[PDB]
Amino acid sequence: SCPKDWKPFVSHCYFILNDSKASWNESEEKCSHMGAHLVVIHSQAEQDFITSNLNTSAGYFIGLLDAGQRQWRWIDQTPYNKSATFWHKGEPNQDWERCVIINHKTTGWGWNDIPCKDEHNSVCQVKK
């Protein structure tokens, strides 16, 4: 019950934007054109579902932003739950890196703060 090329997970459909790279704002615009938004992750189940679908050579924007002074906020305004975050060791690390990607390292998948202007792949999400 998800559209062609989207992957279902419980109440949502997920799209892995692999065909091109874009800035955070451009990525959110692409998701928006499909009636979706950059992914908002509320559990390890969701995190692990998403990473199972990703290329280890690529980085993927998610819908998490530093609103100021390391105040992480989801783009759909749902609460940032400190009990379900997946930062890489040593991340987040830099004030001018206000956007977040999922990327892969020797220690596995995780989140890293990066500059919003840096072009990456992304994951879109929409309710079924």
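Numbers follow the displayed sequence, beginning with 1.
Output the stretch having the higher mean C-alpha B factor in the entry; the candidates are 88-96 and 26-34.
Mean C-alpha B-factor is greater for 26-34.
Select between 61-69 and 78-86 the stretch whose C-alpha atoms have the higher average B-factor in the entry.
Comparing 61-69 with 78-86, the higher average CA B-factor belongs to 78-86.
Can you work out whether the C-alpha temperature factor of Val10 puts it in the lowest, middle or highest third of the chain?
Middle third of the chain for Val10's C-alpha B-factor.
Could you look up the Cα B-factor of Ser52 in the entry and say which third of the chain it sits in: lowest, middle or highest?
Within its chain, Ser52 is a middle-third residue by C-alpha B-factor, going by the deposited values.
Based on the entry's values, in what third of the chain does the Cα temperature factor of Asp113 lie: lowest, middle or highest?
Tercile = lowest for this residue's CA B-factor.
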